Each structure stands twice: as structure tokens, then as C-alpha cells.
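Novice: Okay, handing you the structure first.
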Amino acid sequence: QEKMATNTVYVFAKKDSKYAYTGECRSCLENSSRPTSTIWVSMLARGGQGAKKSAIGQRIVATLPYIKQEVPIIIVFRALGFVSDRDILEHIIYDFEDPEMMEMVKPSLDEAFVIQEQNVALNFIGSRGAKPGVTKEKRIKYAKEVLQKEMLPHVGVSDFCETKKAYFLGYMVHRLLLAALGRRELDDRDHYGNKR
Amino acid sequence: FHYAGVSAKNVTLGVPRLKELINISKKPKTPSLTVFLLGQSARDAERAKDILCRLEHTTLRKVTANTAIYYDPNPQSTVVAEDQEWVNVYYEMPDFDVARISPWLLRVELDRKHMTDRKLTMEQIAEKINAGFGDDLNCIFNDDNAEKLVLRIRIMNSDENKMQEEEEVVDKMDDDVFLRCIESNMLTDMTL
Amino acid sequence: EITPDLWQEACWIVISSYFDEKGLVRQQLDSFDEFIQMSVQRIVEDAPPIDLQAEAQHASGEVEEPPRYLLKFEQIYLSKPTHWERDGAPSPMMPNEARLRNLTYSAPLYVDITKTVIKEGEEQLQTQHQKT
Amino acid sequence: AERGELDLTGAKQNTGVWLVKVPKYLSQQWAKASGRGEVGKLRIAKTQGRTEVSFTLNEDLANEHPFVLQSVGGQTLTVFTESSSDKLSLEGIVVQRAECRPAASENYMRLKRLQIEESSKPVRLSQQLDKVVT
Amino acid sequence: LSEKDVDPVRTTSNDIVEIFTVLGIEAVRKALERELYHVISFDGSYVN
Amino acid sequence: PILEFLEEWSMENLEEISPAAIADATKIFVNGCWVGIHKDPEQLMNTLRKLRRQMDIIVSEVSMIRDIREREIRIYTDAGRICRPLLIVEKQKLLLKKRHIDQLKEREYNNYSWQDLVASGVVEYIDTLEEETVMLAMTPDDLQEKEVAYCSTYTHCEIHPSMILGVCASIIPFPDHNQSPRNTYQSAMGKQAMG
Amino acid sequence: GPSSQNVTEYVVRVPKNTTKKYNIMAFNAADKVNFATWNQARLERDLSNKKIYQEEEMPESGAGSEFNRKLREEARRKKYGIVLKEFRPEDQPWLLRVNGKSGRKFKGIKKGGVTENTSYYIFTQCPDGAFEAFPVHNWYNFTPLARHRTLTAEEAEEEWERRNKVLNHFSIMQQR
Amino acid sequence: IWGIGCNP
Amino acid sequence: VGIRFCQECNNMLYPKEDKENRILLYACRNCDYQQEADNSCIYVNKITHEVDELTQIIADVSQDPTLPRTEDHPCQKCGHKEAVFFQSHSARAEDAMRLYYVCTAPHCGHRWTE
Ligand SMILES: [Zn+2]
Ligand SMILES: [Zn+2]
């Protein structure tokens, strides 16, 4: 039975979806256990128009597993513990000299400028999580567990692996930004390199 | 796939077109319209070109080479070296300066190739932008002799003054963010 | 030592060597061999040890008094395909007999299990069950 | 002066320390005795415009290790110790980083293969049983 | 059709819904016949 | 084993990496996990390929791919990757030589087989992702030999082009002289024949 | 002079045991860490388990179940989940507070990737002139937290509901 | 199989 | 053009105008640090996006076996005859089939378009 390759980052463009470019990675825990969990990093299209929306234009969002609602990406990076905007961009943008990529990241940074606390970001992820959250403490611990295990398992599942997960998430965003700029070609689903 | 290049247009034919007609779909896959010219416009290719220009949607984004938002506290200061000459000429007999001058500046460069292809005029574009936004936008346009076509846009001088004693600390979008929103709206929906 | 214009013979010699060493169905056989040799044992080992204790039995002082039972599976063993008759006497099962008698071609699966009892009596006993 | 206070005297004295990445065979050779107070000699030779660093394995221990330097300007590193008396202290600031590489190229792969086999010993595999257990 | 130097008599769109909203139901009868004839006769096949 | 070797061969780990240094160095992915970056990619790539061809630390199934434009080295040890064996070309000369086919010809009583050919480095298994980085020659003698220059950097050669066909298509005689749908139909009819 | 051709060679010593364990403290270059202003510092294990692990089971635990009800209460809580984990400080991150509350605060996290095939040693100058090598027990990366006003979580939720903040965000921060 | 205007 | 991050809080600096002095100040929202802006340009958008791909091309691409190589076009910098040549290889490159030559041979790393 043919299947799409796991533990890889694939960027596709979906016309029907509100996201102009969507990058997906299906992660498995070294095939040892657990079902494959897919995390999507998407960029909203500039077609949506508003006084603030047109100014921000394309804004990046992430569909973390087991969280019902889309989470702004800067919030996820803060939830992993990288609070400073410069550090988040250091993980996302490997060379700060290029202006175009930084311009792409700017709107998503503006969207998440309300949240500057790691604990607050974790609480926000838990609150918008599909599973109900009774209190702030419970929501924070639950969202921390989701980030530790459910999201990007192949990079790490335990052992304080937040830095590795942050680097791989930033790699997914970097690839999405490159696809949006046009520097990298969108991946093809039919390629048999992808079809294990 | 197996139409011909004679059509020189995207055409839906075969089973999908049959389904479109049978289902009376509101949105055809390739809506098309065949325009037959009345008189001399049909005979002469140039007149047909004029009709084409009349019938094809054109926005500022199509004819705009690049847009830059600057901060210039004084219009006479002319932070951009190039606009010094025509800004000085316009401000030799300044218009709307009495109200005020907005410090934030939107500078738009229009590609000459696209401008001449659609036969647009700098004065025409200025009039259309002025009409679309009323007096909220003040536009300065270069002469066509200038090698680079430059349009300089600033927020309303009356709006900059606010013409209000209370002045309302709301400060919506300040002026730079408002200028960015104006640029996006102009590029998308100018309909020149 | 280059092979010029003798290539038609040489290419089919190397292809023949490939097909002699690796049959046409080598992918299925190799995958199943990997399953049995490695994946079954790894699945057994990956499973967390079973931890069991009584629910405050006897309502005594209960200073961890309920015993703790720990089970850890190890060292999976497979036997050759075997068919047990109505008499219960094991015997090897040839594939053709499986086809004729509608039997299933299967092999017994055995696991070593280690059971430890911790009753808070200052002594822990780790009995081992071999080839369960 | 409190329990949580960090003794920054090493930082005040600006004590310079060197960080080195060394392989497991060398560390395990050192750990074998680990109590003789001696494991080898570090020899640094400097020229007009080039410096080379090398480490010699002790003759008793064996029964050449060139050092490659790395730039430390991209990240600032310091060393701190947690004393058994709950008195945290700072030893110094890292001013240079180095890596130790093996001299042997191919025969060293033999020792690497032996290490791989040793690490694979705990790996357990399904065992074929000739006779069904009764 | 309103634009100057465009023939109002002969200008036609392929979308039948537009023909209905602009020109009427009889015009759509004829336009639907024309479009169906175009799809049928593109291969050269003939239907009475 | 690949990760251990990569640590030996001057691969700085992501944790120890200064974020600025990533921009100018290639990223090394093993089984889809970004292990680290390497400052000098080509030397590492050659070393990995040498190891695989000698079958020392990297097994034959393991596939190494270098995307030169994107500064990424990807190593896949995953299962389910589909691979085909290809002859290896060094300079413009096939590595397979007359001595190898002489040993293979007397395959009986010489215990020389396809495994010995793989171990010798004459042939290699290449998956599609690595196929994207490989210049192949359909026929060795024709394409390798100097002509009007088309490619002088062939890296692999096809053993025989007729191996692209499957089991049922291989029984068709002169397949290249038929229409393609007809070969497709014969593939289905041959399963239903009587014998 | 002798500096152009100096050759220095020193003995290497590796003591079997040291009273103080050796760790690595790594600061990011962009942080511009400076020790001149470090008059005092406080390094201690974190208490974030207050928020997510312990003393969170304060009120329900000491509510006052007794007798058969006590037995059932304990057993029910234990079997409900898998016994909540408590403080095990040695396996928790480190919090650094330089110059008390006024100065910057940093957080150190143990390097998750273990060095199963690598070891790190530190060479320090000593009066005897011989290098001493000490194994690296742990690696910590410290990142600062700004000593600025932090948005309250409830206020942050309220603001995020108005995701379309047409008004200037800087004024909003000033209001808080 | 013929051309772009023909059949595949 | 470029984004400047504040030293005090390591966050993005957003443009702000001081009415009293009519001076542009890059001020973070989170922290009070304010910096005068030398560039005096807030936002630049190139709709034509006529950006040369010569800068984006990596000198490492010369090592690729699959790339075509011409000895007809000599290198300008060093005179090496061989030069791999390839097209834009870029999405949103509009309609350009220009060949972006890259000189071969170690360490020259010269990229020219003819
Ligand atoms: Zn700041
Ligand atoms: Zn050159």
C-alpha cells in the first residue's frame, strides 16, 4: 500500500483553501509507536481585505494537532519558550540580511504582539484546544503536554527537546516563506520519492 | 488539450461545456464575450486598440513599478533628491498648503512601458485618484519629459489639521498605517 | 579491462547474477523477515512494564502495605509452524497439508516474562517465566 | 551573602578557560584508571603566523591527537560549578574552543565497528526455536 | 454593449445566465441553441 | 550508526549551533530530523558515498541526497523506499570491468554473486530522490564514449533499459514496436492466459 | 622575539572525583551579557510546578475525607489518573536572577541531546602550570527575560478577541 | 501520441 | 527597509513620529527605547520585483553533475573555460529563459549573465 512519506516537509498550494500556501509535515515517532500526527503551517491569502487585514496582508497560521482552532505561529514559538521577537526570527529566518523574508514575517509578529508571556501563550493554546479546559493551570499543563508529545514527535518527544522542535518548526516556516516568495518550487505529491 | 492555437483564447469545449450548459451553472469555467466593432474601429487596428483599452480592466498595480512610503517633515526639504525640482515648482505657488502638509509621504513610480501600452496619462491618473478619495489625497505628478514618472501622495491637509478643537486622541492608524492602507486600496481597486 | 561491444553478454550476466541472488518476490520475504526478527521483539520491549498494586486492601495501617506486582516481557521466541491434532499431540505442519485441510499456516509465539513482587516486607522476589 | 549567591570572583579575575570536544575512546581510557593523576601531555607549537595544538597519549594509557580550533566569537560561554556545600561559583569565561580528532583514518573505523558491535549487544532479537515448548 | 463603437446588435457572451439577465428568455433560447450546436459540431458531428 | 559517524565527521549539532552560522552551511537531515549543519558539504558527501560503496557503516539501502541549490543534505534510512540497482561511472569509464564479469560467468564454484558486485562498488542502489541528483546513461558504450559533447559528467549507467518493464510486460516480444495502449492491454490479457 | 617561536607544553591532570561538579553556562551573543554590572546573582531551581504540578493539589487534598471515605478518596484519586508527579528538583530547569528583581532574569534548560559519543572538558590555568580537565556534568543555555511590564493573561485574552486592532498598539501598551 | 492538436 | 531590533528588549522596532521635533523614531511597543531613523524610509514595495537572480545563485551549484557545462563562454574573472549554465530555476520569474552562467573551477565562484 502506497503512502506519502512521513517526517518530511511538503509545501502545496490549495486554491479553494483560504490559505494561499500550505506546508504540511506528517511526523511519526521513528515508526516505533503512535499514529502519525500531521502539523500544518499555512499562510493566509492576501485576498481578504480590511483596514488592518490589507495592511498586514499575508499572516502565517499553524494547525497544531489536537487544537481545534488555528494558532498564530509567533504564539507557538513563544509557547516553546522563545519569547523575544528577535530569537523567533533567528529560528525562522536564517539570514537577517534578506529584507523580503523579514517583511513576510512582520505581519504575523504584529498579530501576536498581545502575547509576550510563555505561560500566557500556553494558556491560549490550551483554551483554543479542542479538549475542554477547566482552569488556567490545567490548560497550561495540557497545552505543554500537547507541544511536548503530539506536535512534531519525530524531532523529539521528551528530554527537554524544545530547541530542536523550534528549529524544525522554523524550518517549516522558512520553507513556506521561500515558497511564497517563489524562491523554492512547490513540492509535487506524485513524485515517487515522496510515496513510500 | 486538443483545440488549436487559432482560437488564441481559453475555450471550454466537449463534455465539460455540455455540463455547464445542461446544468446552467451560474459561473462558467471560462466566461467569454465576443465584441463586434461598430464601424471604423473595425476597419482600423488602432481604433480597435482604443476600444480594447476601453474594455480591459486596468488598476494602479498594473502600471506601478514600485511604491515607497517615506517620512518627510517638510515638503520643501525634499528628502528624495529627485523630487526636489518639481516639489519646488509646485510649492512656488503652493496649493492646499494653507490647511497644512501631512509629513508622511507615499511615493509611487509608474512604469513607462505599461503607461504607454494602456495609453494612460499622468494627469488622468491624478484626476482619477483625486476623485476616488476626494480631497483626502493630494497628488503631485511629474511632467512626461521626466525620465522617471513619479507620483507623490500625502494625507489630507485638512485631515492633518483635523479641523477640530477637541482633536480626538483616538489617533486611528496614526498616518503611516493609514497611508499603507490607502496604498493597498489604490493598487487593488483603482479601476483607472 | 574495459568491456567494449561485449556489453550485451556482460549486462545479461550481471542481471542473471541479480536474479539468482535475489528472487522476484524478495521484497515481501525480506519485509516479513524484518517483521519477525526485529519488529516483534522491539514491540515487546517498547511496551511499558505492567505495574499493579492493591487498592488499600485490609484497611490496615496501609503504609504501602498493598503489594506491588511488576511484569516485564522479554526475549520473544518463535517456533516452527506446528499443528496440534485432536489428540493434542504437536506435529509439524507442511504447507500443502494446510492447503488441503484448510488449516492456517502459523507458528507459536513465546515470550519470557519476569514477575517481581514487592510486598514492603524488605524482600523482593523476581520469579521468571520462560517461554510463555 | 546567601545560599543562592553566585561567586563571580572568576568572572572578576577574567580567568580564561578552553573548551574541548574529545572522543569516547580517549575519555574511556582516562576513566579506566582516572586516579593516577596523569593521562597525557598537551603540546602547543607556535610559528611566525600559525599555531598548532596536539595531544600525546600516555604510553601506559595506550596499553597523536591533533587539535582543531573553533571560533568563539559567535557565542559567549562561561563555566560555573555547583559545590557540594551549596556554594555556586564561576570558574571562568571560555576564550577558545577546540576539537580532538583521531589520527588513524581506516583502521580507526575498525575500532568504531567494534564500538558499534558493543553498543548493539544489548539489542535483543527474536530467537528461532526448533522444538515447540511443552 | 453600452460602450461607444461596440455593435449592440451582434455582441454576444457565451454565458447563458448573462444573456438571460440582459436580453431575455427568448434570447436565451437562441443562445443556448447556438452554444449546444457549437459543442456538438466542434468534432464535426451532426445532430438534427 | 550514521548519526555516530556524522558526529565524528565534523557535524555541529543544532543545540551547539550559533543561529547566525546556519545561513552559510548545509543542513543535514537524517530520516527527516535536522541533526545539524556541516560547513564543508562536498567532502562529507563523498565520504558518505565511499562508506556506502564499501558497505562499512552506511548500509546499501541508505540513500544520501544533496540539494546543492537549497544547501541541504538528506539521508534516509527509512523503510519502503523503492530502489533500483545501477552501475557506477567514475570519470567517463564504467567501474564494471572484464574481471568482474569473468568471475560472475563462473558463478558456480567461484561463489561470486550480486552481493560481491555490490560490495566491490561496481553497482549501487538508487532511489528516486537520489535519482534526481544522478546523471544516467541508457547504454554504457554509446553514451560514455566521447562524441559531440552532450554530457561529460555521467555518474551512473543503466544495466539494461529493458528492465524498466514489469513481469507481465516482459513477455511481450518487440514491445517498442507496439502502440502503448496495446502493451497495456497485453499486460492484462497475459494474466488470464491458460498454462 | 621568543613570542614568534614559543613552544608551550603542559602536563594534563584528571582527578577521579571533584567536590564541585562542572557545568557549562552559555549565553547568546546577541544578548550582550556583561558581568561588570553583576554585583549579585541568584541561581535556583524553578517553581513553575506551582502553576502546573504542585500546591495545585492543595485544597482538594486537604478537604477532609476520613474513614472509609478517606480510603476511597485516596484510591479514587490515584486510580483516576496515573499519580500526579511532584517536585523532583534535580530534573528541572534553572532560574537565574541577576542583581535581584531589578536586574535581568535568565532561564537555563538542560541540553536534551545527551553526549553518548562525546565528552567536554575545561582547561584552567593553575600555579603548578599543568592543565586540569574536568568533565562537563551538564550544559545550560540561558536566555533573558525583559524587565518590562507584562500583559495580564485575562487582559491579553480580552485584547486578542479584538484581533483587528485598528488603533495603535503602542498606545494600548501605554494604557496597560 | 501524435502531437499537440491531435491526440496524446 | 531593514528591520531593526531594540537592544533593551530584543523585539521589533516600529516607526513613530515625535510631533514636537518632527523626528522619526523607531520605538518598540513593549519597551520605551526610541531610536532616530537614518534611512527615513518606512515601507518599500517593488511591484515589478525586477530583482537580479545573480545574487541568489550559489557558487556551489557548479559541482552539480546534472547541470550542462559550456566551454564556449570563458569566465570573465579568471578565464577558466568551463562554466555550468542554467536557467532562472525560479517561480515568479515572469518569462525569462536567460542562462545564468556560473564559472567552474575551485573558489572562483563567478556568476555572470549574458
Ligand atoms: Zn526595546
Ligand atoms: Zn572563473
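Here the Cβ is made from the backbone with ideal geometry for all residues, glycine too, and neighbour counts use every protein chain on show. Only the coordinates and a few stated rules stand behind these numbers; no lab work does.
Novice: Write out the chymotrypsin sites (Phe, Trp or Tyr not before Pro) in the range G:1-86 meeting two conditions: DSSP loop, and at most 11 other Cβ atoms within 10 Å of their Cβ. Let's see the in-between values first.
Specialist: On the way: sites: G:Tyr10, G:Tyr22, G:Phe27, G:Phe35, G:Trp38, G:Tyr53, G:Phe67, G:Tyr80; in loops: G:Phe35, G:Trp38, G:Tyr53, G:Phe67.
Those satisfying the criteria are G:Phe67.
Novice: Here's a follow-up. Taking 27 Å as the cut-off for C-alpha to C-alpha distance, list the pairs among A:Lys14/B:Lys62; A:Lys18/F:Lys27; B:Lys27/B:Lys128 that go past it. All intermediate terms of the calculation are to be shown ahead of the outcome.
Specialist: Working: A:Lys14/B:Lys62 25 Å; A:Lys18/F:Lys27 32 Å; B:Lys27/B:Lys128 31 Å.
Violating the 27 Å limit, Cα to Cα: A:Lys18/F:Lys27; B:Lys27/B:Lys128.
Novice: For a quick protection proxy, order the peptides A:37-48, C:19-30 by their average other-Cβ count within 10 Å, most packed first.
Specialist: Values: A:37-48: 19.2, C:19-30: 11.3.
Going from most to least packed, we get A:37-48, C:19-30.
Novice: Name the residues whose placed amide hydrogens come within less than 5 Å of the amide hydrogen of I:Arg29, ignoring near sequence neighbours (fewer than 5 apart) on the same chain.
Specialist: I:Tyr14
Novice: Compute, for the range A:8-196, the length of the dipole vector about the Cα centre, with Cβ point charges of +1 (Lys, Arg) and -1 (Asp, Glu) only. Units Debye, rounded to 20.
Specialist: Once rounded to the nearest 20, the dipole reads 860 debye.
Novice: Pull out a ≥ b ≥ c, the square roots of the eigenvalues of the alpha-carbon gyration tensor of the range I:1-45, then state rounded if a/c is under 1.5, prolate if not and a/b is larger than b/c, and oblate in the remaining case.
Specialist: oblate
Novice: Let me ask something else. Could you list B:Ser102, D:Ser34 so that the one with the fewest beta carbons within 10 Å of its beta carbon is first and the one with the most is last?
Specialist: Lowest count first: D:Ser34, B:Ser102.
Novice: Each residue of the range G:131-136 in order: what ³J(HN,Hα) in whole Hz does its phi give by Karplus 6.51 cos²θ - 1.76 cosθ + 1.60, θ = phi - 60°, with x for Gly and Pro?
Specialist: 5, 10, 10, 10, x, 7
Novice: Which of the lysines could a cross-linker span from B:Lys172 if the Cα-Cα distance has to be under 22 Å and same-chain partners fewer than 8 positions apart are dropped?
Specialist: Correct list for B:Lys172: A:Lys52, A:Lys53, A:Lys106, B:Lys162, G:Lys165, I:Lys16, I:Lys19.
Novice: Let me ask another. Calculate one ³J(HN,Hα) per residue across the range F:178-187 by plugging θ = phi - 60° into the Karplus curve 6.51 cos²θ - 1.76 cosθ + 1.60, and present them in order as whole Hz with x for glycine and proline.
Specialist: 10, 5, 4, x, 6, 4, 4, 5, 5, 4
Novice: Here's something else I'd like to know. As a check on your grasp of the helix formula, calculate [θ] at 222 nm for the protein assembly as shown: sum -39500 (n - 2.57) over DSSP H runs of n ≥ 4, divide by the residue count, round to the nearest 500.
Specialist: Only helices count here, giving -8000 deg cm²/dmol.
Novice: Considering every residue in G:162-172, what mean count of other chain Cβ atoms within 10 Å of its Cβ is obtained?
Specialist: Partner-chain Cβ atoms within 10 Å, mean over residues of G:162-172: 6.
Novice: Which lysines have a Cα less than 16 Å from the Cα of E:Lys4, not counting those fewer than 8 places away in the same chain?
Specialist: E:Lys4 reaches B:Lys49.
Novice: For chain G, set up a Gaussian network in which alpha carbons nearer than 10 Å are linked by springs, and say which option among G:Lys50, G:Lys20, G:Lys110 fluctuates the most.
Specialist: Evaluated over chain G, the most mobile residue of the options is G:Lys20.
Novice: Still on this structure: Can you return the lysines within cross-link range of C:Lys119? Criterion is Cα-Cα under 24 Å, with same-chain partners fewer than 8 residues away left out.
Specialist: The qualifying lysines are C:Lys72, G:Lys70, G:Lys78, G:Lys79, G:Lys85.
Novice: Determine the shape class of the protein assembly as shown: with a ≥ b ≥ c the square roots of the Cα gyration tensor eigenvalues, call it rounded for a/c under 1.5, and otherwise prolate if a/b is greater than b/c, oblate otherwise.
Specialist: Oblate shape, in that a/c is at least 1.5 and b/c is the bigger or equal ratio.
Novice: Report the FRET efficiency, 1/(1 + (r/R0)^6), for G:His169 and G:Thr115, where r is their Cβ-Cβ distance and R0 is 45 Å, rounded to 0.05.
Specialist: 0.55
Novice: With charges only on Cβ, +1 for K and R and -1 for D and E, what is the dipole size of the protein assembly as shown about its Cα centre, in debye, rounded to 20?
Specialist: The calculated dipole for the protein assembly as shown is roughly 2700 debye.
Novice: Another question, if that's okay. Hey, in the GNM for chain C with a 10 angstrom Cα cutoff, which one of C:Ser39, C:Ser16, C:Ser60 fluctuates hardest?
Specialist: C:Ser16
Novice: Taking the Cα-to-Cβ direction at C:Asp33 and at G:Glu9 and moving 7 Å from each Cα, how far apart do the two end points lie in nm?
Specialist: With each label point 7 Å from Cα toward Cβ, the separation is 5.5 nm.
Novice: Using amide H atoms built 1.01 Å from N in the peptide plane, name the residues 5+ places from D:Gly37, or on other chains, whose amide H lies under 5 Å from its own.
Specialist: Placed amide hydrogens put G:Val14 under 5 Å from D:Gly37.
Novice: Collect residues whose amide H, placed 1.01 Å from N in the peptide plane, falls under 5 Å from the amide H of A:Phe12; neighbours closer than 5 in sequence don't count.
Specialist: Close amide H contacts, sequence-distant or interchain: A:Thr22, A:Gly23, A:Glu24.
Novice: Show me the GluC sites (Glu not before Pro) within the range A:93-191 that DSSP assigns to loop and that have at most 12 other Cβ atoms within 10 Å of their Cβ. Before the final figure, lay out each step's value.
Specialist: Working: sites: A:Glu97, A:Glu100, A:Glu103, A:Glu111, A:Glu117, A:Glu137, A:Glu145, A:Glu150, A:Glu162, A:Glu185; in loops: A:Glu97, A:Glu117, A:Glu185.
Answer by residue number: A:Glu97, A:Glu185.
Novice: Calculated FRET efficiency, D:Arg113 and G:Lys21, Cβ-Cβ r, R0 45 Å, to nearest 0.05?
Specialist: The formula returns an efficiency of 0.85 here.
Novice: I've got another one for you. Need one word for chain C: rounded, prolate or oblate. Basis is the Cα gyration tensor (sqrt eigenvalues a ≥ b ≥ c); a/c below 1.5 gives rounded, then a/b vs b/c decides. Mind showing how you got there, number by number?
Specialist: On the way: a/c = 5.10, a/b = 2.19, b/c = 2.33.
It comes out oblate by the Cα gyration axes.
Novice: Next up: Counting DSSP beta bridges with both partners in the protein assembly as shown, what percentage is antiparallel, nearest 5?
Specialist: Around 90 percent of the beta bridges assigned by DSSP in the protein assembly as shown are antiparallel ones.
Novice: Okay, next question. Please average, across the residues of F:63-69, the number of beta carbons from any other chain that are within 10 Å of each residue's own beta carbon, and give a whole number.
Specialist: Mean partner shielding for this stretch: 4.
Novice: While we're on this one: Among the DSSP beta bridges whose two residues both lie in chain G, what percent are antiparallel, rounded to the nearest 5?
Specialist: Just about 75 percent of them are antiparallel.
Novice: Over the Cα atoms of the range B:53-162, Rg to Rh with Kirkwood Rh, two decimal places?
Specialist: Working: Rg = 14.1 Å, Rh = 14.6 Å.
For the range B:53-162, the value is 0.96.
Novice: Report the label-to-label distance for C:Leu109 and C:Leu71 in nanometres (one decimal), using points 7 Å from each Cα along the Cα→Cβ vector.
Specialist: In this crude spin-label approximation the distance works out to 1.5 nm.
Novice: For F:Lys50 and I:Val61, what does the FRET efficiency come to when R0 = 30 Å and r is the distance between their Cβ atoms, rounded to the nearest 0.05?
Specialist: On the way: r = 23 Å, r/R0 = 0.76.
Efficiency for this residue pair is about 0.85.
Novice: Only residues of the range B:20-60 count here: report those whose backbone N is under 15 Å from the spot 7 Å along Cα→Cβ of E:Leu23, or say none.
Specialist: B:32-37
Novice: Taking every residue in I:68-80, how many Cβ atoms of other protein chains lie within 10 Å of its Cβ, on average?
Specialist: Going residue by residue through I:68-80 and averaging, the value is 1.
Novice: Taking 7 Å along the Cα-to-C-beta vector as the label spot, tell me the B:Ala48-B:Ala81 distance in nanometres, rounded to one decimal.
Specialist: Taking the simple label geometry, B:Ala48 and B:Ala81 are separated by 4.8 nm.
Novice: Roughly how far apart, in whole Å, are the Cα centres of the range E:1-20 and the range A:56-90?
Specialist: After rounding, the separation between the Cα centres reads 51 Å.
Novice: Now for a different question. What are the ³J(HN,Hα) values, in whole Hz, obtained from phi via the Karplus relation 6.51 cos²θ - 1.76 cosθ + 1.60 with θ = phi - 60°, for each residue of the range B:170-186 in sequence order, with x given for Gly and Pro?
Specialist: Rounded to whole hertz, the list is 3, 6, 4, 6, 6, 10, 5, 5, 4, 5, 5, 4, 4, 4, 4, 5, 4.
Novice: Continuing with this model, one more query. Give me the dipole magnitude in Debye, nearest 20, for chain C about the Cα centre, with unit charges on the beta carbon: positive for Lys and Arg, negative for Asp and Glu.
Specialist: Its charge dipole is roughly 660 debye.
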